[PDB]
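Structure below is structure09.csv: CSV, C-alpha atoms.
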chain,number,residue,atom,x,y,z
A,2,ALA,CA,-22.6,88.3,3.8
A,3,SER,CA,-24.1,85.0,2.7
A,4,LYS,CA,-22.1,82.5,0.5
A,5,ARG,CA,-23.8,81.4,-2.7
A,6,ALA,CA,-23.5,78.0,-4.4
A,7,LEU,CA,-24.6,77.0,-8.0
A,8,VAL,CA,-25.6,73.4,-8.6
A,9,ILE,CA,-26.0,72.6,-12.3
A,10,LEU,CA,-28.7,69.9,-12.8
A,11,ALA,CA,-28.9,68.1,-16.2
A,12,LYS,CA,-30.8,65.0,-17.3
A,13,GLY,CA,-29.1,61.8,-16.2
A,14,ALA,CA,-27.4,63.4,-13.2
A,15,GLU,CA,-26.8,61.1,-10.2
A,16,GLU,CA,-29.6,62.2,-7.9
A,17,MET,CA,-27.7,61.2,-4.7
A,18,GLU,CA,-24.7,63.3,-5.8
A,19,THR,CA,-27.1,66.3,-6.3
A,20,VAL,CA,-29.3,66.2,-3.2
A,21,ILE,CA,-26.6,65.4,-0.6
A,22,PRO,CA,-24.5,68.5,-1.3
A,23,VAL,CA,-27.6,70.8,-1.8
A,24,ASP,CA,-29.0,69.5,1.6
A,25,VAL,CA,-25.7,69.7,3.5
A,26,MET,CA,-24.8,73.2,2.0
A,27,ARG,CA,-28.2,74.6,3.1
A,28,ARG,CA,-27.7,73.1,6.5
A,29,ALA,CA,-24.5,75.3,6.6
A,30,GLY,CA,-26.4,78.4,5.8
A,31,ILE,CA,-25.2,78.6,2.2
A,32,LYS,CA,-27.7,80.0,-0.4
A,33,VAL,CA,-27.9,77.2,-3.0
A,34,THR,CA,-29.4,77.6,-6.4
A,35,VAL,CA,-30.2,74.3,-8.2
A,36,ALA,CA,-30.2,75.4,-11.8
A,37,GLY,CA,-31.6,73.3,-14.6
A,38,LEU,CA,-29.4,73.1,-17.6
A,39,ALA,CA,-32.3,72.8,-20.0
A,40,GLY,CA,-34.6,75.3,-18.2
A,41,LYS,CA,-37.0,75.4,-15.3
A,42,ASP,CA,-38.7,72.1,-16.1
A,43,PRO,CA,-38.4,69.0,-13.9
A,44,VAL,CA,-35.2,67.0,-14.4
A,45,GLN,CA,-35.3,63.2,-14.6
A,46,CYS,CA,-32.2,61.9,-12.8
A,47,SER,CA,-30.2,58.7,-13.6
A,48,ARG,CA,-32.3,56.5,-11.3
A,49,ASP,CA,-35.6,58.2,-12.3
A,50,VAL,CA,-35.9,60.5,-9.3
A,51,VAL,CA,-37.4,63.7,-10.7
A,52,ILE,CA,-36.3,67.0,-9.2
A,53,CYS,CA,-37.7,70.5,-9.8
A,54,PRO,CA,-34.9,73.0,-10.2
A,55,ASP,CA,-35.0,76.4,-8.5
A,56,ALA,CA,-34.3,78.2,-11.7
A,57,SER,CA,-33.1,77.8,-15.3
A,58,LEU,CA,-29.3,78.0,-15.9
A,59,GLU,CA,-29.9,81.1,-18.1
A,60,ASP,CA,-31.6,82.9,-15.2
A,61,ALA,CA,-29.2,81.8,-12.5
A,62,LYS,CA,-26.3,82.9,-14.7
A,63,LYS,CA,-27.5,86.5,-14.3
A,64,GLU,CA,-27.6,86.4,-10.4
A,65,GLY,CA,-23.9,85.5,-9.9
A,66,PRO,CA,-21.2,85.5,-9.0
A,67,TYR,CA,-21.1,82.2,-7.0
A,68,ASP,CA,-18.5,81.2,-4.4
A,69,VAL,CA,-18.7,77.6,-5.6
A,70,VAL,CA,-20.0,75.9,-8.8
A,71,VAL,CA,-21.0,72.3,-8.2
A,72,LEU,CA,-21.0,69.6,-11.0
A,73,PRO,CA,-22.8,66.4,-10.0
A,74,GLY,CA,-22.0,63.1,-11.6
A,75,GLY,CA,-23.9,60.5,-13.5
A,76,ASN,CA,-22.5,59.4,-16.8
A,77,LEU,CA,-25.2,60.9,-18.9
A,78,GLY,CA,-25.5,64.0,-16.8
A,79,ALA,CA,-21.7,64.6,-17.1
A,80,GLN,CA,-21.9,64.2,-20.9
A,81,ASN,CA,-24.7,66.8,-21.0
A,82,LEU,CA,-22.5,69.1,-18.9
A,83,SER,CA,-19.5,68.5,-21.2
A,84,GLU,CA,-21.5,69.4,-24.3
A,85,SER,CA,-23.0,72.7,-23.0
A,86,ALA,CA,-21.5,76.0,-24.1
A,87,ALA,CA,-23.3,77.7,-21.2
A,88,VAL,CA,-21.4,75.5,-18.8
A,89,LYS,CA,-18.1,76.3,-20.5
A,90,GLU,CA,-18.8,80.0,-20.0
A,91,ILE,CA,-19.7,79.6,-16.4
A,92,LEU,CA,-16.6,77.5,-15.6
A,93,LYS,CA,-14.1,79.7,-17.4
A,94,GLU,CA,-15.5,82.7,-15.7
A,95,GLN,CA,-15.4,80.9,-12.3
A,96,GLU,CA,-11.8,79.9,-13.0
A,97,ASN,CA,-10.8,83.5,-13.9
A,98,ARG,CA,-12.2,85.0,-10.8
A,99,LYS,CA,-10.5,82.3,-8.7
A,100,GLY,CA,-13.8,80.8,-7.5
A,101,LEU,CA,-14.2,77.3,-6.2
A,102,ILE,CA,-15.2,74.5,-8.7
A,103,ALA,CA,-16.4,71.2,-7.3
A,104,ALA,CA,-17.2,68.0,-9.3
A,105,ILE,CA,-17.9,64.5,-8.1
A,106,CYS,CA,-17.7,61.0,-9.7
A,107,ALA,CA,-18.1,61.5,-13.5
A,108,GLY,CA,-18.6,65.2,-13.0
A,109,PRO,CA,-14.9,66.1,-13.3
A,110,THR,CA,-14.8,64.9,-16.9
A,111,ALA,CA,-16.7,68.1,-17.8
A,112,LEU,CA,-13.6,70.0,-16.6
A,113,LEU,CA,-11.5,68.3,-19.3
A,114,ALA,CA,-14.2,69.0,-22.0
A,115,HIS,CA,-14.0,72.7,-21.1
A,116,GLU,CA,-10.2,72.9,-20.5
A,117,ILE,CA,-10.6,73.8,-16.9
A,118,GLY,CA,-7.9,73.5,-14.3
A,119,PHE,CA,-5.3,71.7,-16.4
A,120,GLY,CA,-2.3,70.8,-14.3
A,121,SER,CA,-4.4,70.1,-11.2
A,122,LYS,CA,-4.5,66.9,-9.1
A,123,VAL,CA,-8.0,65.4,-9.4
A,124,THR,CA,-9.9,62.3,-8.7
A,125,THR,CA,-12.9,60.7,-10.3
A,126,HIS,CA,-14.9,57.5,-10.1
A,127,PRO,CA,-12.6,54.6,-11.0
A,128,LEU,CA,-14.6,54.0,-14.1
A,129,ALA,CA,-14.1,57.6,-15.3
A,130,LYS,CA,-10.3,57.7,-14.8
A,131,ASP,CA,-9.4,56.8,-18.4
A,132,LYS,CA,-11.7,59.5,-19.7
A,133,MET,CA,-10.3,62.1,-17.4
A,134,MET,CA,-6.7,61.3,-18.1
A,135,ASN,CA,-6.9,61.4,-21.9
A,136,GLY,CA,-3.9,63.6,-22.8
A,137,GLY,CA,-2.3,63.6,-19.4
A,138,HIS,CA,-3.6,67.1,-18.6
A,139,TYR,CA,-4.2,66.3,-15.0
A,140,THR,CA,-2.5,64.2,-12.3
A,141,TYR,CA,-4.7,61.5,-10.9
A,142,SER,CA,-5.4,60.8,-7.2
A,143,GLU,CA,-7.2,58.0,-5.5
A,144,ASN,CA,-8.1,60.1,-2.5
A,145,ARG,CA,-11.8,60.0,-1.6
A,146,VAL,CA,-11.8,63.9,-1.7
A,147,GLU,CA,-9.1,65.8,-3.6
A,148,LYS,CA,-8.5,69.6,-3.5
A,149,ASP,CA,-5.8,71.3,-5.6
A,150,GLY,CA,-6.1,75.0,-5.7
A,151,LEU,CA,-9.6,75.9,-6.6
A,152,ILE,CA,-10.5,72.4,-8.0
A,153,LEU,CA,-12.3,70.1,-5.6
A,154,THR,CA,-13.1,66.6,-6.8
A,155,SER,CA,-14.5,63.4,-5.3
A,156,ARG,CA,-15.0,59.8,-6.4
A,157,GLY,CA,-18.6,58.6,-6.1
A,158,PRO,CA,-22.0,58.5,-4.5
A,159,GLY,CA,-20.5,57.1,-1.3
A,160,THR,CA,-18.2,60.0,-1.0
A,161,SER,CA,-20.9,62.6,-1.4
A,162,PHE,CA,-21.0,63.5,2.3
A,163,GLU,CA,-17.3,64.1,2.5
A,164,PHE,CA,-17.4,66.0,-0.8
A,165,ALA,CA,-20.2,68.2,0.6
A,166,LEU,CA,-18.5,68.8,3.9
A,167,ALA,CA,-15.3,69.7,2.1
A,168,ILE,CA,-17.2,72.4,0.3
A,169,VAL,CA,-18.6,73.7,3.6
A,170,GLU,CA,-15.1,73.8,5.1
A,171,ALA,CA,-13.7,75.7,2.1
A,172,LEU,CA,-16.5,78.3,2.2
A,173,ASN,CA,-17.4,78.6,5.9
A,174,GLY,CA,-14.5,77.1,7.8
A,175,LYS,CA,-13.7,74.0,9.8
A,176,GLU,CA,-16.0,74.8,12.8
A,177,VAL,CA,-19.2,75.2,10.8
A,178,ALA,CA,-18.5,72.0,8.9
A,179,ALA,CA,-18.0,70.2,12.3
A,180,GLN,CA,-21.2,71.7,13.7
A,181,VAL,CA,-23.2,70.7,10.5
A,182,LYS,CA,-21.7,67.2,10.6
A,183,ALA,CA,-22.6,66.1,14.1
A,184,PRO,CA,-26.4,65.7,13.6
A,185,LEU,CA,-25.9,63.7,10.4
A,186,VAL,CA,-24.7,60.6,12.3
A,187,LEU,CA,-21.8,59.9,10.0
A,188,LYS,CA,-19.4,57.1,10.9
A,189,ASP,CA,-16.2,59.1,10.4
B,2,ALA,CA,-40.7,37.9,-10.0
B,3,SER,CA,-39.7,41.5,-9.2
B,4,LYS,CA,-39.8,42.9,-5.6
B,5,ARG,CA,-41.7,46.1,-5.0
B,6,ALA,CA,-41.0,48.9,-2.6
B,7,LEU,CA,-43.3,51.7,-1.5
B,8,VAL,CA,-41.7,55.0,-0.3
B,9,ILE,CA,-44.1,57.5,1.3
B,10,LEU,CA,-43.1,61.1,0.6
B,11,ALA,CA,-44.7,63.9,2.7
B,12,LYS,CA,-43.8,67.6,3.0
B,13,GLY,CA,-40.9,68.1,5.3
B,14,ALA,CA,-39.3,64.7,4.6
B,15,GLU,CA,-35.5,64.6,4.7
B,16,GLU,CA,-34.6,64.5,1.0
B,17,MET,CA,-31.4,62.6,1.5
B,18,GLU,CA,-33.2,59.9,3.5
B,19,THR,CA,-35.7,59.7,0.6
B,20,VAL,CA,-33.4,59.7,-2.5
B,21,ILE,CA,-30.6,57.4,-1.2
B,22,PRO,CA,-32.9,54.4,-0.6
B,23,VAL,CA,-34.9,55.0,-3.8
B,24,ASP,CA,-31.7,55.2,-5.8
B,25,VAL,CA,-30.0,52.2,-4.2
B,26,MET,CA,-33.1,50.1,-4.3
B,27,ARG,CA,-33.5,50.7,-8.0
B,28,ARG,CA,-29.8,49.9,-8.6
B,29,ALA,CA,-30.8,46.5,-7.0
B,30,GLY,CA,-33.6,46.0,-9.6
B,31,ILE,CA,-36.4,46.7,-7.1
B,32,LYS,CA,-39.5,48.3,-8.5
B,33,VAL,CA,-39.8,51.4,-6.3
B,34,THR,CA,-42.9,53.6,-6.1
B,35,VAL,CA,-42.4,57.1,-4.6
B,36,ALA,CA,-45.9,57.9,-3.4
B,37,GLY,CA,-46.9,61.4,-2.4
B,38,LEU,CA,-48.9,61.5,0.8
B,39,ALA,CA,-51.0,64.5,-0.3
B,40,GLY,CA,-51.3,63.5,-4.0
B,41,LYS,CA,-49.3,63.6,-7.2
B,42,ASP,CA,-48.1,67.2,-6.7
B,43,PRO,CA,-44.4,68.0,-6.2
B,44,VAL,CA,-43.3,67.7,-2.6
B,45,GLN,CA,-41.1,70.3,-0.8
B,46,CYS,CA,-38.6,68.5,1.4
B,47,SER,CA,-37.0,69.7,4.6
B,48,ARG,CA,-34.1,71.5,2.9
B,49,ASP,CA,-36.3,72.8,0.0
B,50,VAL,CA,-35.4,70.1,-2.5
B,51,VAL,CA,-38.6,69.6,-4.5
B,52,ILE,CA,-39.3,66.0,-5.7
B,53,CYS,CA,-42.0,64.9,-8.1
B,54,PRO,CA,-43.6,61.6,-6.8
B,55,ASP,CA,-44.3,58.8,-9.1
B,56,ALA,CA,-47.9,58.5,-7.9
B,57,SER,CA,-50.3,59.6,-5.2
B,58,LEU,CA,-50.6,57.4,-2.1
B,59,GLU,CA,-54.2,56.7,-2.9
B,60,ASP,CA,-53.3,55.3,-6.3
B,61,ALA,CA,-50.2,53.4,-5.1
B,62,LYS,CA,-52.3,51.8,-2.3
B,63,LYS,CA,-54.3,50.0,-5.0
B,64,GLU,CA,-51.3,48.5,-6.8
B,65,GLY,CA,-49.9,46.6,-3.8
B,66,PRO,CA,-48.9,44.6,-2.0
B,67,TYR,CA,-45.3,45.8,-1.4
B,68,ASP,CA,-42.4,43.8,-0.1
B,69,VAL,CA,-41.2,46.8,1.9
B,70,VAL,CA,-42.8,50.1,3.0
B,71,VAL,CA,-40.2,52.8,3.6
B,72,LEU,CA,-40.8,55.8,5.9
B,73,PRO,CA,-38.2,58.5,5.4
B,74,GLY,CA,-37.3,60.9,8.3
B,75,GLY,CA,-37.4,64.6,8.7
B,76,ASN,CA,-39.2,65.9,11.8
B,77,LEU,CA,-42.1,67.6,9.9
B,78,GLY,CA,-42.3,64.7,7.4
B,79,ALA,CA,-42.6,62.2,10.2
B,80,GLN,CA,-45.3,64.2,11.9
B,81,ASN,CA,-47.3,64.2,8.7
B,82,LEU,CA,-46.8,60.5,8.5
B,83,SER,CA,-47.9,60.0,12.1
B,84,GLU,CA,-51.2,62.0,11.5
B,85,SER,CA,-52.3,60.2,8.3
B,86,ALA,CA,-55.0,57.6,8.5
B,87,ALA,CA,-54.0,56.3,5.1
B,88,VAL,CA,-50.5,55.5,6.5
B,89,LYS,CA,-52.0,53.8,9.5
B,90,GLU,CA,-54.0,51.5,7.2
B,91,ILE,CA,-50.9,50.7,5.0
B,92,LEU,CA,-48.7,49.9,7.9
B,93,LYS,CA,-51.3,47.7,9.8
B,94,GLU,CA,-51.9,45.8,6.6
B,95,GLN,CA,-48.1,45.4,6.0
B,96,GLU,CA,-47.7,44.2,9.6
B,97,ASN,CA,-50.5,41.6,9.2
B,98,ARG,CA,-49.1,40.1,6.0
B,99,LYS,CA,-45.6,40.0,7.6
B,100,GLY,CA,-44.1,42.4,5.2
B,101,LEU,CA,-41.0,44.4,5.9
B,102,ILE,CA,-41.4,47.9,7.3
B,103,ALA,CA,-38.4,50.3,7.2
B,104,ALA,CA,-38.1,53.7,8.8
B,105,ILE,CA,-35.0,56.0,9.3
B,106,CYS,CA,-34.2,58.9,11.7
B,107,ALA,CA,-37.4,60.5,12.8
B,108,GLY,CA,-39.4,58.1,10.7
B,109,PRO,CA,-39.8,55.4,13.3
B,110,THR,CA,-41.9,57.7,15.5
B,111,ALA,CA,-44.7,57.1,13.0
B,112,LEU,CA,-44.7,53.4,14.0
B,113,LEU,CA,-45.5,54.5,17.6
B,114,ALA,CA,-48.3,56.8,16.4
B,115,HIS,CA,-49.9,53.9,14.5
B,116,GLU,CA,-49.1,51.2,17.2
B,117,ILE,CA,-46.9,49.2,14.8
B,118,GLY,CA,-44.3,46.6,16.0
B,119,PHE,CA,-44.7,47.1,19.7
B,120,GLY,CA,-42.1,45.0,21.6
B,121,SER,CA,-39.5,45.3,18.9
B,122,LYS,CA,-35.9,46.6,19.2
B,123,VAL,CA,-35.6,49.9,17.3
B,124,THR,CA,-33.3,52.8,16.8
B,125,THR,CA,-33.9,56.4,15.9
B,126,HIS,CA,-32.0,59.7,15.6
B,127,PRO,CA,-30.7,60.5,19.1
B,128,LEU,CA,-33.0,63.6,19.1
B,129,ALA,CA,-36.1,61.4,18.5
B,130,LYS,CA,-35.4,58.8,21.2
B,131,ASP,CA,-37.5,60.3,23.9
B,132,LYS,CA,-40.5,60.6,21.5
B,133,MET,CA,-40.1,56.9,20.4
B,134,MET,CA,-39.8,55.6,23.9
B,135,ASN,CA,-42.9,57.3,25.4
B,136,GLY,CA,-44.6,54.4,27.2
B,137,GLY,CA,-41.8,51.9,26.9
B,138,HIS,CA,-43.5,50.1,24.0
B,139,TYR,CA,-40.1,49.4,22.3
B,140,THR,CA,-36.6,48.5,23.3
B,141,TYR,CA,-34.1,51.1,22.2
B,142,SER,CA,-30.9,50.4,20.3
B,143,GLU,CA,-27.9,52.6,19.4
B,144,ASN,CA,-26.9,50.5,16.4
B,145,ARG,CA,-26.6,52.4,13.2
B,146,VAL,CA,-29.0,49.9,11.6
B,147,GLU,CA,-31.4,47.8,13.6
B,148,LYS,CA,-33.6,44.9,12.4
B,149,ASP,CA,-36.0,43.0,14.7
B,150,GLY,CA,-38.4,40.7,12.9
B,151,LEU,CA,-40.0,42.8,10.2
B,152,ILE,CA,-39.1,46.2,11.6
B,153,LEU,CA,-35.9,47.7,10.2
B,154,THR,CA,-34.8,51.1,11.6
B,155,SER,CA,-31.8,53.4,11.2
B,156,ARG,CA,-30.5,56.6,12.9
B,157,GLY,CA,-29.9,59.4,10.5
B,158,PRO,CA,-29.0,60.9,7.1
B,159,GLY,CA,-25.4,59.5,7.5
B,160,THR,CA,-26.8,56.0,7.9
B,161,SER,CA,-28.9,56.2,4.8
B,162,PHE,CA,-26.6,54.0,2.7
B,163,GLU,CA,-26.4,51.3,5.3
B,164,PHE,CA,-30.2,51.5,5.8
B,165,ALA,CA,-30.8,51.1,2.1
B,166,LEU,CA,-28.3,48.3,1.6
B,167,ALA,CA,-30.0,46.5,4.6
B,168,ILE,CA,-33.3,46.7,2.7
B,169,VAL,CA,-31.6,45.2,-0.4
B,170,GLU,CA,-30.1,42.4,1.6
B,171,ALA,CA,-33.4,41.6,3.2
B,172,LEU,CA,-35.2,41.5,-0.2
B,173,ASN,CA,-32.6,40.3,-2.7
B,174,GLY,CA,-29.9,38.7,-0.5
B,175,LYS,CA,-26.4,39.4,0.6
B,176,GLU,CA,-24.7,38.9,-2.8
B,177,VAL,CA,-26.9,41.5,-4.7
B,178,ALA,CA,-26.3,44.0,-1.9
B,179,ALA,CA,-22.6,43.4,-2.2
B,180,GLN,CA,-22.7,43.8,-6.0
B,181,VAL,CA,-24.7,47.0,-5.7
B,182,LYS,CA,-22.4,48.4,-3.0
B,183,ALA,CA,-19.1,48.2,-4.9
B,184,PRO,CA,-19.6,50.9,-7.5
B,185,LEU,CA,-20.8,53.3,-4.8
B,186,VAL,CA,-17.3,53.8,-3.3
B,187,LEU,CA,-18.5,53.5,0.3
B,188,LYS,CA,-15.8,53.5,3.0
B,189,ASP,CA,-17.0,50.5,4.9

As structure tokens, how would this structure be written, given the file I've shared?
Amino acid sequence: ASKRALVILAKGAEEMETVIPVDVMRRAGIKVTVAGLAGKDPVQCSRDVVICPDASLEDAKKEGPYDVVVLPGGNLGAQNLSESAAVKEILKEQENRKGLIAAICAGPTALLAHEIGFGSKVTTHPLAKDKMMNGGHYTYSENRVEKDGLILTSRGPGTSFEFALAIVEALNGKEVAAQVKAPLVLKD
Amino acid sequence: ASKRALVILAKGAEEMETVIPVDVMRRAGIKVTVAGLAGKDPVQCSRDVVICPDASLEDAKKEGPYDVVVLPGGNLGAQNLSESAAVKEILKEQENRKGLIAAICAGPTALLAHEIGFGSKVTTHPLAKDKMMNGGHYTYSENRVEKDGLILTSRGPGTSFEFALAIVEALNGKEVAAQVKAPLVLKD
């Protein structure tokens, strides 16, 4: 009866946008798998924080399905996610089974690369807007967190806590999110 | 002419309180060394995020001095910091040369263990207040970030961004902190 989350970690990922949702989701009792795009080896993030994934993406793919797939940001991390056929397969499957997809900052641009969620309202980092809107396939929002159907997006490292708590609320409900939030000493 | 920061990483450290300051400080051009208390081996943080340190504490000790020493929180991480003679030596030296000392959440309780900064105004996580105030050696503050002389403290994971930007402001000045802050998409 435990919810499962998949976090896809690629080189160049924004380490804050990776660790905050993983940490907060585990505080909420969610079983999180941090999967390395390139394998089990340690991943050098955009500001040179090196994180050891729990599993390779190939192995984590086999232990699905997941209630949420999480795409961190980081310009180079998002590009690696956009170019990966394994990610395309995971996202299309997640879209078909009406699972939640979450991406933050530059992460949403991978949704465009893989033709995911066209027609949805989305947000990105302001610097990634032009890339996300190429072709007019989405409607752009400037909300710090945006949720349209099964697509949940957020803007930047400074929105990571709201992004993560929105995932908790979608999976475990508003009360669990509120309980998890109080010991964090967030402003609002 | 580059400022240097030492971040001491021990098992049980709060991974958000470790990665956010490291990331933000490197965005500010600060040379950050994430030093493992127990050696170069990967460190399992409080929510099971595993981080590879840049160096062992023994090696990083030799490449000082540092303009700031950073003590992350996490109850079990702070206890490991409180029990380490190597940390006592680093902090006493840093106090003597009037360097900046920064600790967040449960991290400040290590200052009490090592008799650092007595008489200063400090803050902690609300749950760590009683431990920090044993003996009345400090004056307690409920500010999200508190700075008294060379002692800079903060309350929790949700204050990590303000904590980190306060370090940047102390080392590199208000303008650099403001420049680094804008792309983060923080609320206030």

Handout entry: Separation of atom CA of residue A:82 from atom CA of residue A:46 in Å
Key =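 Going from atom CA of residue A:46 over to atom CA of residue A:82, I get 13.5 Å.
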
Handout entry: Of the listed residues B:113, B:134, B:36, B:186, that which approaches chain A most closely, counting only C-alpha atoms
Key =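 The closest residue to chain A is B:186.
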
Exercise for the section: List the neighbours of residue A:6 out to 7 Å using all atoms listed in the file; skip same-chain residues closer than 2 positions along the sequence, and give me the result as a ChimeraX atom specification. Expected result: /A:4,8,31-34,67-70

With chain B as the partner and 9 Å as the cut-off, tabulate the residues of chain A that qualify, each row holding the nearest pair of atoms and their distance in Å to one decimal, using all atoms listed in the file, sorted by chain and rising number, as JSON lines.
{"residue": "A:15", "atom": "CA", "partner": "B:24", "partner_atom": "CA", "distance": 8.8}
{"residue": "A:16", "atom": "CA", "partner": "B:20", "partner_atom": "CA", "distance": 7.1}
{"residue": "A:17", "atom": "CA", "partner": "B:21", "partner_atom": "CA", "distance": 5.9}
{"residue": "A:20", "atom": "CA", "partner": "B:17", "partner_atom": "CA", "distance": 6.3}
{"residue": "A:21", "atom": "CA", "partner": "B:17", "partner_atom": "CA", "distance": 5.9}
{"residue": "A:23", "atom": "CA", "partner": "B:50", "partner_atom": "CA", "distance": 7.9}
{"residue": "A:24", "atom": "CA", "partner": "B:48", "partner_atom": "CA", "distance": 5.6}
{"residue": "A:25", "atom": "CA", "partner": "B:48", "partner_atom": "CA", "distance": 8.6}
{"residue": "A:27", "atom": "CA", "partner": "B:48", "partner_atom": "CA", "distance": 6.7}
{"residue": "A:28", "atom": "CA", "partner": "B:48", "partner_atom": "CA", "distance": 7.5}
{"residue": "A:35", "atom": "CA", "partner": "B:50", "partner_atom": "CA", "distance": 8.8}
{"residue": "A:43", "atom": "CA", "partner": "B:53", "partner_atom": "CA", "distance": 8.0}
{"residue": "A:47", "atom": "CA", "partner": "B:24", "partner_atom": "CA", "distance": 8.7}
{"residue": "A:48", "atom": "CA", "partner": "B:24", "partner_atom": "CA", "distance": 5.7}
{"residue": "A:49", "atom": "CA", "partner": "B:24", "partner_atom": "CA", "distance": 8.2}
{"residue": "A:50", "atom": "CA", "partner": "B:20", "partner_atom": "CA", "distance": 7.3}
{"residue": "A:51", "atom": "CA", "partner": "B:53", "partner_atom": "CA", "distance": 5.4}
{"residue": "A:52", "atom": "CA", "partner": "B:52", "partner_atom": "CA", "distance": 4.7}
{"residue": "A:53", "atom": "CA", "partner": "B:51", "partner_atom": "CA", "distance": 5.5}
{"residue": "A:54", "atom": "CA", "partner": "B:51", "partner_atom": "CA", "distance": 7.6}
{"residue": "A:55", "atom": "CA", "partner": "B:51", "partner_atom": "CA", "distance": 8.7}
{"residue": "A:126", "atom": "CA", "partner": "B:186", "partner_atom": "CA", "distance": 8.1}
{"residue": "A:127", "atom": "CA", "partner": "B:184", "partner_atom": "CA", "distance": 8.7}
{"residue": "A:128", "atom": "CA", "partner": "B:184", "partner_atom": "CA", "distance": 8.8}
{"residue": "A:145", "atom": "CA", "partner": "B:186", "partner_atom": "CA", "distance": 8.5}
{"residue": "A:156", "atom": "CA", "partner": "B:186", "partner_atom": "CA", "distance": 7.1}
{"residue": "A:157", "atom": "CA", "partner": "B:186", "partner_atom": "CA", "distance": 5.7}
{"residue": "A:158", "atom": "CA", "partner": "B:185", "partner_atom": "CA", "distance": 5.3}
{"residue": "A:159", "atom": "CA", "partner": "B:187", "partner_atom": "CA", "distance": 4.4}
{"residue": "A:160", "atom": "CA", "partner": "B:187", "partner_atom": "CA", "distance": 6.6}
{"residue": "A:162", "atom": "CA", "partner": "B:159", "partner_atom": "CA", "distance": 7.9}
{"residue": "A:184", "atom": "CA", "partner": "B:157", "partner_atom": "CA", "distance": 7.8}
{"residue": "A:185", "atom": "CA", "partner": "B:159", "partner_atom": "CA", "distance": 5.1}
{"residue": "A:186", "atom": "CA", "partner": "B:159", "partner_atom": "CA", "distance": 5.0}
{"residue": "A:187", "atom": "CA", "partner": "B:159", "partner_atom": "CA", "distance": 4.4}
{"residue": "A:188", "atom": "CA", "partner": "B:159", "partner_atom": "CA", "distance": 7.3}

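Picture a line from atom CA of residue B:3 to atom CA of residue B:87; it runs 25.1 Å.
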
Exercise for the section: Would you kindly identify which residues have an atom no farther than 6 Å from (-1.0, 66.1, -12.2), using only C-alpha atoms and the file's own coordinates, and write them out as a PyMOL selection string? Expected result: chain A and resi 120-122+139-140

Write a file of the selected residues as an mmCIF file, in the coordinates of the input, keeping C-alpha atoms.
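File produced: part30.cif:
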data_model
loop_
_atom_site.group_PDB
_atom_site.id
_atom_site.type_symbol
_atom_site.label_atom_id
_atom_site.label_comp_id
_atom_site.auth_asym_id
_atom_site.auth_seq_id
_atom_site.Cartn_x
_atom_site.Cartn_y
_atom_site.Cartn_z
ATOM 1 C CA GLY A 120 -2.300 70.800 -14.300
ATOM 2 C CA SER A 121 -4.400 70.100 -11.200
ATOM 3 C CA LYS A 122 -4.500 66.900 -9.100
ATOM 4 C CA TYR A 139 -4.200 66.300 -15.000
ATOM 5 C CA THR A 140 -2.500 64.200 -12.300
#

Exercise for the section: Select, from A:58, A:178, A:151, A:71, the residue with the minimum atom-to-atom distance to residue A:96, counting all atoms listed in the file. Expected result: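 Of all the options, A:151 lies closest to residue A:96.
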
Handout entry: Which of B:75, B:40, B:30, B:13 sits closest to residue B:107 [using only C-alpha atoms]
Key =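 Residue with the minimum atom-to-atom distance to residue B:107: B:75.
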
Completion exercise
re atom CA of residue A:73 and atom CA of residue A:144: distance 17.7 Å

Exercise for the section: Tell me which of A:29, A:101, A:2, A:88 sits closest to residue A:179, counting all atoms listed in the file. Expected result: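 So, comparing all the options, the nearest one is A:29.
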
Handout entry: Test item: residues at most 6 Å from residue B:155, only C-alpha atoms, excluding those fewer than 5 positions along its chain, as a PyMOL selection string
Key = chain B and resi 105+124-125+145-146+164

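Considering the residues B:116, B:170, B:64, B:59 and counting all atoms listed in the file, residue B:83 has its shortest atom-to-atom contact with B:116.
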
Exercise for the section: May I ask which of the residues B:77, B:39, B:91, B:177 is the closest one to residue B:7, counting all atoms listed in the file? Expected result: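 Of B:77, B:39, B:91, B:177, the one nearest residue B:7, counting all atoms listed in the file, is B:91.
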